[PDB]
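Each remark here refers to the structure printed beneath this line.
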Amino acid sequence: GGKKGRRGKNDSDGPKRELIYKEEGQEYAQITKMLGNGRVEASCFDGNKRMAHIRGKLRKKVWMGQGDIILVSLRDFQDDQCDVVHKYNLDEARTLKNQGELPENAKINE
Amino acid sequence: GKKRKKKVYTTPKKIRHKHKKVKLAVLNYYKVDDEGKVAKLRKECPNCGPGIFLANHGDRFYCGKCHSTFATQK
RNA sequence: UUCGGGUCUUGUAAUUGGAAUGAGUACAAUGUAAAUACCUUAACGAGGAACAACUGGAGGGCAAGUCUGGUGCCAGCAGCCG
RNA sequence: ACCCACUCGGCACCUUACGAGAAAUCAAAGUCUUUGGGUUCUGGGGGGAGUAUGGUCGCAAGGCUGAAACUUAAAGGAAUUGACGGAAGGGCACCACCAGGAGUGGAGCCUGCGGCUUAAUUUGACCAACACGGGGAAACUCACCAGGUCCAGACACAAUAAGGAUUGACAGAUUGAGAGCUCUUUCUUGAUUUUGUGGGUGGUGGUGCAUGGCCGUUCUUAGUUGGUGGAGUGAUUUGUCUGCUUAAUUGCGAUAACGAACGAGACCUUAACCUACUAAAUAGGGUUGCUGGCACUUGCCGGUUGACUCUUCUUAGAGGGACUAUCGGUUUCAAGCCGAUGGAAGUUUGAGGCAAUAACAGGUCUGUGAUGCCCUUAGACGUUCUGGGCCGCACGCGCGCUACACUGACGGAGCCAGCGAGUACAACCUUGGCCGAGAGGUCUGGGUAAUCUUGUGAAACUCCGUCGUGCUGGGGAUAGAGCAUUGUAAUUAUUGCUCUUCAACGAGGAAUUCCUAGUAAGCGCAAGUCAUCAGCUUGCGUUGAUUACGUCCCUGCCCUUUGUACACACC
RNA sequence: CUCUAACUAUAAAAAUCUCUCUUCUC
RNA sequence: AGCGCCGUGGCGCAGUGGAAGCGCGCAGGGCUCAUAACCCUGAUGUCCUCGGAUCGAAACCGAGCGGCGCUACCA
Ligand SMILES: [Mg+2]
Ligand SMILES: [Mg+2]
Ligand SMILES: [Mg+2]
Ligand SMILES: [Mg+2]
Ligand SMILES: [Mg+2]
Ligand SMILES: [Mg+2]
Ligand SMILES: [Mg+2]
Ligand SMILES: [Mg+2]
Ligand SMILES: [Mg+2]
Ligand SMILES: [Mg+2]
Ligand SMILES: [Mg+2]
Ligand SMILES: [Mg+2]
Ligand SMILES: [Mg+2]
Ligand SMILES: [Mg+2]
Ligand SMILES: [Mg+2]
Ligand SMILES: [Mg+2]
Ligand SMILES: [Mg+2]
Ligand SMILES: [Mg+2]
Ligand SMILES: [Mg+2]
Ligand SMILES: [Mg+2]
Ligand SMILES: [Mg+2]
Ligand SMILES: [Mg+2]
Ligand SMILES: [Mg+2]
Ligand SMILES: [Mg+2]
Ligand SMILES: [Mg+2]
Ligand SMILES: [Mg+2]
Ligand SMILES: [Mg+2]
Ligand SMILES: [Mg+2]
Ligand SMILES: [Mg+2]
Ligand SMILES: [Mg+2]
Ligand SMILES: [Mg+2]
Ligand SMILES: [Mg+2]
Ligand SMILES: [Mg+2]
Ligand SMILES: [Mg+2]
Ligand SMILES: [Mg+2]
Ligand SMILES: [Mg+2]
Ligand SMILES: [Mg+2]
Ligand SMILES: [Mg+2]
Ligand SMILES: [Mg+2]
Ligand SMILES: [Zn+2]
């Protein structure tokens, strides 16, 4: 809350958006720990722990916490680091859990 | 805001009813009696007047001009 | 008197003509110890004169676009502000 | 010991710029671009950093000396305008409080949001969203969903094409359909069309963070602005203020300020007062007729569209009236305040309507054939038809309505308003007479309106009785059955009426809302929604108070002073 | 053109805040 | 085995002779533009099980159940 809200874009996409899948390098991951400087640690669904930058259009536009499903784009020149591109608000995450693009051993439910 | 998706249809298609065109259609309606008198193969409709030909499909004759009000069993 | 001759000139047009010339080739001769090369010069050598000039920039500093398409704080640009 | 005058030396001080500074300011910080009296020490953007190292002093603490690598586009100084202060001064506001009143928050219900659910439960707002979009949607509305139609694709060109570009259809399958939507067959129709290109339209499709217009808010406070003139190098400032007064940047005034402009006020509507004017069968009154009754005295209460006359009330025009009028206090005795009297009226007489500069990324593309851009433009996000939804329900919140009863409920009887509105190319307001217990039905008659509904004979209220402190004759939610009305259509009860079950509810925590006189509160009526439907809103009137007539304590607002490392401004 | 008088006096607690800053010529 | 202690509503505690407790949790609401702080209201039992007295038992007591600590493994 606050007087900040009226300065915003007022982009009201409350209705159910169509979830975006993974495309040739964009992959799903889970936030493991929150770091500083606007950077996060994402355990990808491949047995690797990538370091994902909180990225443009996402920095102060959506607020993300520990244990959040996420979509992240890799970089072919440097595999260790990557960029968080989209965030799924815990509803379509269930849908992906049933469809199982990610290993179901990562069970994160409220 | 509005979040609309591409519409998906649970129906194959409905096709425009193309009119059945008939080449040399008019002559089939008549019959020349050897360079002179002529007759009409189809039947004339009384309500419209002379000339308009009744339609025969099965055990009845049907009109085109006052089509709705005339369909008389053969 | 609307004009308007353009009366007097200056540009713009894949229209159109006649000239001049090298950059190149090359008889020679000069040049040089001998040769190149230069100066001179026969004979050729310009029409899209294709014999075709690039290197940077067009927000400000700083001369020049708030034209068109593409990408959408990506890619990238930016000596600094951006 | 003082007093007067002078002088030397010292800590100092006031005024001023005619000098110096980026200014705050300095009589030195002057005699500095018109640059040189002598001389010592220190600094070369910020950070790293007065850190490490190496010396040196010290018992120790630590002192003196003292970088770089690297990083950074600024850090910093003075001042100007705002904003902010749990800083100060002076004033205000029941969207603040004190003294209170009525409440809400507890209950049931109606409605509006969120969430959940769903095919859809269409969406925009989150003091200044939430009975708001006039949003009381059964169809339409409509914007959502499952389906079904059509082009309402202008125009130009090409293309077919008059031995058919094409259109339409009885009956059947199909369909929810009596849809020639699609098929079976065939018949009808004539250059309007059909299929491709360009283009154009339509869109409650997106973007109010592209826009207009409008409205809301900052801000109901009194605040703004520029022209000459003064001070500043300048951003700016004075005019716009020390005081007192006012609701007011309202005035009295003092003054580097003088004259002005917008706002406030003035101004209009409305409410009062008009025995003064003009008048009135679409308003009333008197006298007298013609009658009814009771009294018997000539009088009372009535009826008549019979006559004459009048305008006090009812109307509406021109005007009058109040300007703090007179008087008494108090006021640099000026602006003005307080009181009494006369008044109708003495809070700006009450209530309003417009209502300044600057601004919000406040809302609205969903009001507009206002609209830029983007999207779509044929099985369409166009339009239309059928049905469903916008009303679901483990839950929370916001406007309200009915109540918890004795100052009451229920019976009778009394009988009192003011705003309205009302039918024509349609069917409105309904009197009256008959039916029905009621809703209602029917037959007639008025009214396109001071004429008729209508004196809207409204409720609260009043008088007499039943009830008797018992969740009871309170409360009427939730249901069962039936009778009617509007409607093409009422199930997911439209609404009204009749009989019954009668639930929670014992004056409601924290907290919080509105309001100082015909005010709050109670009570209803009319109008807007309207074919039918309000528990809503806009207005109107009835009965009608308690408690203030003050304050800056909470929440804020206005001006001034001060501080700021804030200016996307204390979120 | 003449003068030196009046006076007081309260301190409870109150932490934090995220986007995003956009040309001025006759 | 005996003796000392005890018997949550989720945890730590309290009165136990007059009938459901507090605090910390959890849910909802309130204040605030918003969060924490703060304020208000609940929804959770067999205060372990079987009996005695009693208007009353959970207490007071006893006819037991289970868990901790001292004696300490008590041929
Ligand atoms: Mg906005
Ligand atoms: Mg170039
Ligand atoms: Mg370039
Ligand atoms: Mg370019
Ligand atoms: Mg330039
Ligand atoms: Mg330095
Ligand atoms: Mg330093
Ligand atoms: Mg040392
Ligand atoms: Mg400073
Ligand atoms: Mg308040
Ligand atoms: Mg009070
Ligand atoms: Mg009430
Ligand atoms: Mg309530
Ligand atoms: Mg409630
Ligand atoms: Mg809904
Ligand atoms: Mg306000
Ligand atoms: Mg309705
Ligand atoms: Mg419909
Ligand atoms: Mg509808
Ligand atoms: Mg449909
Ligand atoms: Mg439209
Ligand atoms: Mg806006
Ligand atoms: Mg204003
Ligand atoms: Mg000036
Ligand atoms: Mg000023
Ligand atoms: Mg009169
Ligand atoms: Mg006087
Ligand atoms: Mg007024
Ligand atoms: Mg549109
Ligand atoms: Mg539509
Ligand atoms: Mg609704
Ligand atoms: Mg409201
Ligand atoms: Mg009753
Ligand atoms: Mg009346
Ligand atoms: Mg009862
Ligand atoms: Mg309404
Ligand atoms: Mg007052
Ligand atoms: Mg700053
Ligand atoms: Mg703070
Ligand atoms: Zn016929």
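Residue names in the structure tokens use chain letters A, B, ... in the order shown, residue numbers from 1 in each chain, and ligand numbers from 1 in the order shown.
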Could you tell me, counting only C-alpha atoms (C1' of nucleotides) and all ligand atoms, which protein and nucleic acid residues lie no more than 9 Å from ligand 40, written as a ChimeraX atom specification? /B:44-49,52-54,62-70
From the DSSP assignment of the backbone, select every residue of stretch 4-65 of chain A that is strand (DSSP E or B), and format the answer as a VMD selection string. chain A and resid 24 26 to 34 39 to 44 49 to 54
Please produce a file of those selected residues containing N, CA, C and O atoms, as a compact mmCIF listing (two decimals), in the first residue's frame.
```
# COMPACT_ATOMS: atom_id res chain seq x y z
N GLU A 24 14.06 -23.80 -25.96
CA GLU A 24 15.46 -23.92 -26.40
C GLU A 24 16.43 -23.10 -25.54
O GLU A 24 17.12 -22.19 -26.01
N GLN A 26 15.68 -21.57 -22.37
CA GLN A 26 14.86 -21.18 -21.24
C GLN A 26 14.40 -22.43 -20.51
O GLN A 26 13.86 -23.35 -21.12
N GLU A 27 14.66 -22.48 -19.21
CA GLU A 27 14.33 -23.66 -18.42
C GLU A 27 13.72 -23.24 -17.09
O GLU A 27 13.89 -22.11 -16.63
N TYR A 28 13.00 -24.18 -16.49
CA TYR A 28 12.39 -23.96 -15.19
C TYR A 28 13.41 -24.22 -14.09
O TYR A 28 14.34 -25.01 -14.25
N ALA A 29 13.23 -23.52 -12.97
CA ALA A 29 14.14 -23.62 -11.84
C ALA A 29 13.37 -23.24 -10.58
O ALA A 29 12.23 -22.77 -10.64
N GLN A 30 14.01 -23.45 -9.43
CA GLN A 30 13.42 -23.13 -8.14
C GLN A 30 14.38 -22.24 -7.35
O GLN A 30 15.57 -22.55 -7.25
N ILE A 31 13.85 -21.15 -6.80
CA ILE A 31 14.67 -20.27 -5.97
C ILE A 31 15.07 -21.01 -4.71
O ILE A 31 14.21 -21.50 -3.96
N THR A 32 16.37 -21.11 -4.46
CA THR A 32 16.87 -21.82 -3.29
C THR A 32 17.19 -20.85 -2.15
O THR A 32 16.76 -21.06 -1.01
N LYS A 33 17.96 -19.80 -2.44
CA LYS A 33 18.34 -18.82 -1.44
C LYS A 33 18.30 -17.43 -2.05
O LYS A 33 18.54 -17.26 -3.25
N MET A 34 18.00 -16.44 -1.22
CA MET A 34 17.99 -15.05 -1.66
C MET A 34 19.33 -14.40 -1.33
O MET A 34 19.78 -14.44 -0.18
N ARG A 39 20.27 -10.37 -6.93
CA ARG A 39 20.65 -11.62 -7.56
C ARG A 39 20.16 -12.78 -6.70
O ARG A 39 20.10 -12.68 -5.47
N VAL A 40 19.80 -13.88 -7.35
CA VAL A 40 19.21 -15.03 -6.68
C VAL A 40 19.98 -16.28 -7.09
O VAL A 40 20.74 -16.28 -8.07
N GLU A 41 19.79 -17.35 -6.32
CA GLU A 41 20.35 -18.66 -6.61
C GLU A 41 19.21 -19.59 -7.00
O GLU A 41 18.24 -19.74 -6.24
N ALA A 42 19.30 -20.19 -8.18
CA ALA A 42 18.23 -21.03 -8.70
C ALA A 42 18.76 -22.44 -8.92
O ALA A 42 19.70 -22.65 -9.69
N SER A 43 18.15 -23.40 -8.24
CA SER A 43 18.38 -24.81 -8.52
C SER A 43 17.57 -25.18 -9.75
O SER A 43 16.34 -25.18 -9.71
N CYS A 44 18.25 -25.45 -10.87
CA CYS A 44 17.54 -25.84 -12.07
C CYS A 44 17.19 -27.31 -12.00
O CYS A 44 17.78 -28.08 -11.24
N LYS A 49 23.07 -25.92 -9.86
CA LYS A 49 22.72 -24.75 -9.06
C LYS A 49 23.27 -23.53 -9.78
O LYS A 49 24.44 -23.17 -9.61
N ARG A 50 22.44 -22.88 -10.59
CA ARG A 50 22.88 -21.72 -11.34
C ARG A 50 22.65 -20.45 -10.54
O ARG A 50 21.81 -20.39 -9.63
N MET A 51 23.43 -19.42 -10.87
CA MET A 51 23.31 -18.11 -10.25
C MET A 51 22.56 -17.21 -11.22
O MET A 51 23.06 -16.91 -12.31
N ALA A 52 21.35 -16.82 -10.85
CA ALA A 52 20.43 -16.14 -11.76
C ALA A 52 20.28 -14.69 -11.35
O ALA A 52 19.93 -14.39 -10.20
N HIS A 53 20.52 -13.79 -12.29
CA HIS A 53 20.35 -12.37 -12.05
C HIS A 53 18.87 -12.02 -12.05
O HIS A 53 18.13 -12.44 -12.94
N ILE A 54 18.44 -11.28 -11.02
CA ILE A 54 17.17 -10.58 -11.11
C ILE A 54 17.27 -9.55 -12.22
O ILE A 54 18.14 -8.67 -12.20
```
Give the residues of chain F that lie within 10 Å of chain A; count only C-alpha atoms (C1' of nucleotides), and format the answer as a list in words.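 Residues passing the distance filter: residues 33, 34 and 35 of chain F.
Between ligand 35 and the residues D:473, D:488, D:342, D:504, the shortest atom-to-atom distance, using only C-alpha atoms (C1' of nucleotides) and all ligand atoms, involves D:473.
The shortest atom-to-atom distance to chain A, with only C-alpha atoms (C1' of nucleotides) taken into account, belongs to D:125 out of D:327, D:125, D:338, D:244.
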If you count only C-alpha atoms (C1' of nucleotides), which residues fall within 9 Å of stretch 146-163 of chain D, apart from same-chain ones fewer than 4 positions away, as number ranges by chain? B: 23-26; D: 119, 175, 179, 181, 190-191, 195-201, 377-378, 382-388
Return as a PyMOL selection string the residues belonging to chain A that are within 12 Å of chain C, counting only C-alpha atoms (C1' of nucleotides). chain A and resi 55-59+83+85
Per DSSP on the backbone, what are the helix (DSSP H, G or I) residues of chain A, as a list in words?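 Here are the helix (DSSP H, G or I) residues of chain A: residues 5, 6, 7, 92, 93, 94, 95, 96, 97, 98 and 99 of chain A.
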Separation of atom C1' of residue D:457 from atom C1' of residue D:414, in Å and rounded to one decimal: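 Going from atom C1' of residue D:457 over to atom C1' of residue D:414, I get 11.4 Å.
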Dump the neighbourhood of ligand 15 as a PyMOL selection string: all residues within 9 Å, distances computed on only C-alpha atoms (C1' of nucleotides) and all ligand atoms. chain D and resi 113+121+390
What does the list of residues within 10 Å of ligand 27 look like if you count only C-alpha atoms (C1' of nucleotides) and all ligand atoms, written as a PDB file with N, CA and C atoms (P, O5', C5', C4', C3', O3' and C1' of nucleotides), in the first residue's frame?
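The new file pocket.pdb reads:
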```
ATOM      1  P     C D 327     -27.631  57.087  18.217  1.00  0.00           P
ATOM      2  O5'   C D 327     -27.642  56.452  19.678  1.00  0.00           O
ATOM      3  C5'   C D 327     -28.639  56.817  20.620  1.00  0.00           C
ATOM      4  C4'   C D 327     -28.722  55.831  21.759  1.00  0.00           C
ATOM      5  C3'   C D 327     -27.409  55.465  22.424  1.00  0.00           C
ATOM      6  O3'   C D 327     -26.939  56.453  23.321  1.00  0.00           O
ATOM      7  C1'   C D 327     -28.663  53.505  22.046  1.00  0.00           C
ATOM      8  P     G D 328     -25.358  56.637  23.538  1.00  0.00           P
ATOM      9  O5'   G D 328     -24.974  55.450  24.526  1.00  0.00           O
ATOM     10  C5'   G D 328     -25.672  55.275  25.748  1.00  0.00           C
ATOM     11  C4'   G D 328     -25.292  53.982  26.417  1.00  0.00           C
ATOM     12  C3'   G D 328     -23.809  53.660  26.427  1.00  0.00           C
ATOM     13  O3'   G D 328     -23.107  54.350  27.444  1.00  0.00           O
ATOM     14  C1'   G D 328     -25.023  51.750  25.755  1.00  0.00           C
ATOM     15  P     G D 329     -21.509  54.489  27.366  1.00  0.00           P
ATOM     16  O5'   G D 329     -20.987  53.243  28.208  1.00  0.00           O
ATOM     17  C5'   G D 329     -19.664  52.761  28.046  1.00  0.00           C
ATOM     18  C4'   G D 329     -19.625  51.255  28.039  1.00  0.00           C
ATOM     19  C3'   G D 329     -18.334  50.637  27.530  1.00  0.00           C
ATOM     20  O3'   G D 329     -17.336  50.580  28.532  1.00  0.00           O
ATOM     21  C1'   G D 329     -20.186  49.568  26.509  1.00  0.00           C
ATOM     22  P     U D 330     -16.027  51.505  28.427  1.00  0.00           P
ATOM     23  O5'   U D 330     -15.023  50.637  27.552  1.00  0.00           O
ATOM     24  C5'   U D 330     -14.742  49.289  27.892  1.00  0.00           C
ATOM     25  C4'   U D 330     -14.276  48.507  26.693  1.00  0.00           C
ATOM     26  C3'   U D 330     -13.299  49.225  25.777  1.00  0.00           C
ATOM     27  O3'   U D 330     -11.966  49.191  26.256  1.00  0.00           O
ATOM     28  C1'   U D 330     -14.992  48.211  24.481  1.00  0.00           C
TER      29        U D 330
END
```
At most 9 Å from ligand 10 (only C-alpha atoms (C1' of nucleotides) and all ligand atoms): residue list as an MDAnalysis selection string: chainID D and resid 95:96 127 512:513 555
With N, CA, C and O atoms (P, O5', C5', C4', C3', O3' and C1' of nucleotides) retained, write the just-selected residues as a PDB file, in the first residue's frame.
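What ended up in out-v6.pdb:
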```pdb
ATOM      1  P     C D  95     -15.487  18.528  10.794  1.00  0.00           P
ATOM      2  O5'   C D  95     -15.668  17.377   9.712  1.00  0.00           O
ATOM      3  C5'   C D  95     -15.870  16.032  10.113  1.00  0.00           C
ATOM      4  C4'   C D  95     -15.522  15.070   9.008  1.00  0.00           C
ATOM      5  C3'   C D  95     -14.040  14.787   8.812  1.00  0.00           C
ATOM      6  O3'   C D  95     -13.542  13.809   9.707  1.00  0.00           O
ATOM      7  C1'   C D  95     -15.025  15.279   6.727  1.00  0.00           C
ATOM      8  P     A D  96     -12.029  13.898  10.242  1.00  0.00           P
ATOM      9  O5'   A D  96     -11.982  15.274  11.040  1.00  0.00           O
ATOM     10  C5'   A D  96     -12.736  15.446  12.230  1.00  0.00           C
ATOM     11  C4'   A D  96     -11.839  15.653  13.423  1.00  0.00           C
ATOM     12  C3'   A D  96     -12.525  15.641  14.779  1.00  0.00           C
ATOM     13  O3'   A D  96     -12.741  14.326  15.260  1.00  0.00           O
ATOM     14  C1'   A D  96     -11.041  17.482  14.649  1.00  0.00           C
ATOM     15  P     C D 127     -11.125   6.447  -0.385  1.00  0.00           P
ATOM     16  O5'   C D 127     -11.196   7.792   0.463  1.00  0.00           O
ATOM     17  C5'   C D 127     -12.071   7.900   1.577  1.00  0.00           C
ATOM     18  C4'   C D 127     -11.729   9.094   2.430  1.00  0.00           C
ATOM     19  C3'   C D 127     -11.859  10.451   1.756  1.00  0.00           C
ATOM     20  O3'   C D 127     -13.190  10.940   1.764  1.00  0.00           O
ATOM     21  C1'   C D 127      -9.776  10.315   2.873  1.00  0.00           C
ATOM     22  P     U D 512     -10.525   4.884  16.643  1.00  0.00           P
ATOM     23  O5'   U D 512     -11.779   5.127  15.694  1.00  0.00           O
ATOM     24  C5'   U D 512     -11.757   4.700  14.340  1.00  0.00           C
ATOM     25  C4'   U D 512     -13.144   4.653  13.749  1.00  0.00           C
ATOM     26  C3'   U D 512     -13.936   5.948  13.801  1.00  0.00           C
ATOM     27  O3'   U D 512     -13.579   6.859  12.777  1.00  0.00           O
ATOM     28  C1'   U D 512     -15.301   4.168  14.529  1.00  0.00           C
ATOM     29  P     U D 513     -13.980   8.409  12.906  1.00  0.00           P
ATOM     30  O5'   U D 513     -15.430   8.482  12.250  1.00  0.00           O
ATOM     31  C5'   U D 513     -15.674   7.939  10.961  1.00  0.00           C
ATOM     32  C4'   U D 513     -17.139   7.980  10.608  1.00  0.00           C
ATOM     33  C3'   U D 513     -17.815   9.334  10.749  1.00  0.00           C
ATOM     34  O3'   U D 513     -17.595  10.167   9.627  1.00  0.00           O
ATOM     35  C1'   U D 513     -19.164   7.666  11.749  1.00  0.00           C
ATOM     36  P     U D 555      -2.165  13.357  15.876  1.00  0.00           P
ATOM     37  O5'   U D 555      -3.383  13.497  14.857  1.00  0.00           O
ATOM     38  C5'   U D 555      -4.038  12.348  14.336  1.00  0.00           C
ATOM     39  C4'   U D 555      -5.121  12.723  13.355  1.00  0.00           C
ATOM     40  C3'   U D 555      -4.691  13.612  12.198  1.00  0.00           C
ATOM     41  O3'   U D 555      -4.093  12.874  11.145  1.00  0.00           O
ATOM     42  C1'   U D 555      -6.693  14.452  13.149  1.00  0.00           C
TER      43        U D 555
END
```
Check every protein, DNA and RNA residue against ligand 26, keep those with an atom at most 12 Å away (counting only C-alpha atoms (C1' of nucleotides) and all ligand atoms), and present them as a list in words.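 After applying the 12 Å limit, what remains is residues 274, 275, 276, 277, 278, 279, 284, 310, 311, 312, 313, 314, 315 and 316 of chain D.
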I'd like a table as CSV: residues in chain A with an atom no more than 8 Å from chain E, each row giving the shortest atom pair and its distance in Å to one decimal, only C-alpha atoms (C1' of nucleotides) counted, sorted by chain and rising residue number.
```
residue,atom,partner,partner_atom,distance
A:4,CA,E:18,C1',8.0
A:7,CA,E:20,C1',7.6
A:8,CA,E:19,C1',7.8
A:60,CA,E:19,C1',4.9
A:61,CA,E:19,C1',6.4
```
Residue D:492 environment, 12 Å, only C-alpha atoms (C1' of nucleotides), sequence neighbours closer than 6 positions dropped, as a PyMOL selection string: chain D and resi 138+388-389+391-392
Considering only C-alpha atoms (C1' of nucleotides), give me a table of residues in chain D that are at most 10 Å from chain A, with the closest atom pair and distance in Å for each, as a tab-separated table.
```
residue	atom	partner	partner_atom	distance
D:126	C1'	A:1	CA	9.7
D:207	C1'	A:11	CA	9.8
D:209	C1'	A:9	CA	5.5
D:360	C1'	A:6	CA	9.0
D:361	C1'	A:7	CA	6.1
D:362	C1'	A:6	CA	7.3
D:568	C1'	A:7	CA	9.8
D:571	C1'	A:2	CA	6.5
```
Counting only C-alpha atoms, which residues in chain A sit no more than 8 Å from chain B? For each one, give the nearest pair of atoms and the distance in Å, sorted by chain then residue number, as a tab-separated table.
```
residue	atom	partner	partner_atom	distance
A:11	CA	B:1	CA	7.6
A:12	CA	B:1	CA	5.8
A:13	CA	B:1	CA	6.0
A:14	CA	B:1	CA	8.0
A:15	CA	B:3	CA	6.6
A:16	CA	B:3	CA	7.5
A:17	CA	B:3	CA	6.8
```
N, CA, C and O atoms of the current selection, written as a PDB file, in the first residue's frame:
```pdb
ATOM      1  N   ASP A  11      -0.939  -1.620 -14.700  1.00  0.00           N
ATOM      2  CA  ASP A  11      -1.054  -2.803 -15.550  1.00  0.00           C
ATOM      3  C   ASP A  11      -1.777  -3.892 -14.770  1.00  0.00           C
ATOM      4  O   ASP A  11      -1.166  -4.637 -14.002  1.00  0.00           O
ATOM      5  N   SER A  12      -3.087  -3.990 -14.970  1.00  0.00           N
ATOM      6  CA  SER A  12      -3.940  -4.915 -14.226  1.00  0.00           C
ATOM      7  C   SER A  12      -4.216  -6.130 -15.109  1.00  0.00           C
ATOM      8  O   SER A  12      -5.154  -6.140 -15.907  1.00  0.00           O
ATOM      9  N   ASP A  13      -3.381  -7.158 -14.959  1.00  0.00           N
ATOM     10  CA  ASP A  13      -3.589  -8.446 -15.605  1.00  0.00           C
ATOM     11  C   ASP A  13      -4.085  -9.503 -14.624  1.00  0.00           C
ATOM     12  O   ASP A  13      -3.616 -10.645 -14.662  1.00  0.00           O
ATOM     13  N   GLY A  14      -5.009  -9.136 -13.739  1.00  0.00           N
ATOM     14  CA  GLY A  14      -5.528 -10.030 -12.728  1.00  0.00           C
ATOM     15  C   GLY A  14      -6.094 -11.334 -13.262  1.00  0.00           C
ATOM     16  O   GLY A  14      -5.829 -12.409 -12.715  1.00  0.00           O
ATOM     17  N   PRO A  15      -6.912 -11.264 -14.316  1.00  0.00           N
ATOM     18  CA  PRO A  15      -7.384 -12.486 -14.978  1.00  0.00           C
ATOM     19  C   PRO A  15      -6.251 -13.456 -15.287  1.00  0.00           C
ATOM     20  O   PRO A  15      -5.078 -13.095 -15.397  1.00  0.00           O
ATOM     21  N   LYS A  16      -6.634 -14.722 -15.434  1.00  0.00           N
ATOM     22  CA  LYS A  16      -5.691 -15.831 -15.575  1.00  0.00           C
ATOM     23  C   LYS A  16      -4.909 -15.683 -16.874  1.00  0.00           C
ATOM     24  O   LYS A  16      -5.461 -15.815 -17.968  1.00  0.00           O
ATOM     25  N   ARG A  17      -3.614 -15.400 -16.754  1.00  0.00           N
ATOM     26  CA  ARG A  17      -2.744 -15.343 -17.919  1.00  0.00           C
ATOM     27  C   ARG A  17      -2.469 -16.744 -18.452  1.00  0.00           C
ATOM     28  O   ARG A  17      -2.579 -17.741 -17.735  1.00  0.00           O
TER      29      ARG A  17
END
```
Give the residue list for ligand 9 at 9 Å, counting only C-alpha atoms (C1' of nucleotides) and all ligand atoms, as a VMD selection string, sorted by chain and then by residue number. chain D and resid 76 to 79 565
Write out the residues from the selection above, keeping N, CA and C atoms (P, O5', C5', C4', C3', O3' and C1' of nucleotides), as a PDB file, in the first residue's frame.
```pdb
ATOM      1  P     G D  76      28.260  15.484  -0.276  1.00  0.00           P
ATOM      2  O5'   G D  76      29.198  16.771  -0.192  1.00  0.00           O
ATOM      3  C5'   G D  76      30.187  16.886   0.820  1.00  0.00           C
ATOM      4  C4'   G D  76      31.108  18.058   0.577  1.00  0.00           C
ATOM      5  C3'   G D  76      30.512  19.442   0.776  1.00  0.00           C
ATOM      6  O3'   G D  76      30.443  19.828   2.139  1.00  0.00           O
ATOM      7  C1'   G D  76      31.746  19.397  -1.236  1.00  0.00           C
ATOM      8  P     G D  77      29.325  20.875   2.626  1.00  0.00           P
ATOM      9  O5'   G D  77      29.804  22.269   2.022  1.00  0.00           O
ATOM     10  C5'   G D  77      30.958  22.929   2.523  1.00  0.00           C
ATOM     11  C4'   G D  77      31.069  24.331   1.980  1.00  0.00           C
ATOM     12  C3'   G D  77      29.831  25.200   2.141  1.00  0.00           C
ATOM     13  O3'   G D  77      29.789  25.819   3.413  1.00  0.00           O
ATOM     14  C1'   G D  77      30.679  25.384  -0.075  1.00  0.00           C
ATOM     15  P     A D  78      28.393  26.058   4.165  1.00  0.00           P
ATOM     16  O5'   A D  78      27.756  27.305   3.407  1.00  0.00           O
ATOM     17  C5'   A D  78      28.359  28.586   3.493  1.00  0.00           C
ATOM     18  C4'   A D  78      27.786  29.538   2.475  1.00  0.00           C
ATOM     19  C3'   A D  78      26.278  29.723   2.501  1.00  0.00           C
ATOM     20  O3'   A D  78      25.860  30.646   3.493  1.00  0.00           O
ATOM     21  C1'   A D  78      27.012  29.418   0.269  1.00  0.00           C
ATOM     22  P     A D  79      24.407  30.519   4.168  1.00  0.00           P
ATOM     23  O5'   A D  79      23.393  30.862   2.989  1.00  0.00           O
ATOM     24  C5'   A D  79      23.187  32.206   2.574  1.00  0.00           C
ATOM     25  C4'   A D  79      22.632  32.286   1.173  1.00  0.00           C
ATOM     26  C3'   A D  79      21.168  31.908   1.007  1.00  0.00           C
ATOM     27  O3'   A D  79      20.283  32.970   1.315  1.00  0.00           O
ATOM     28  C1'   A D  79      22.449  30.761  -0.600  1.00  0.00           C
ATOM     29  P     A D 565      21.819  20.214   4.967  1.00  0.00           P
ATOM     30  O5'   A D 565      21.380  19.358   3.699  1.00  0.00           O
ATOM     31  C5'   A D 565      22.349  18.846   2.791  1.00  0.00           C
ATOM     32  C4'   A D 565      22.311  17.339   2.727  1.00  0.00           C
ATOM     33  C3'   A D 565      20.947  16.705   2.993  1.00  0.00           C
ATOM     34  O3'   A D 565      20.810  15.528   2.199  1.00  0.00           O
ATOM     35  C1'   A D 565      22.506  15.905   4.571  1.00  0.00           C
TER      36        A D 565
END
```
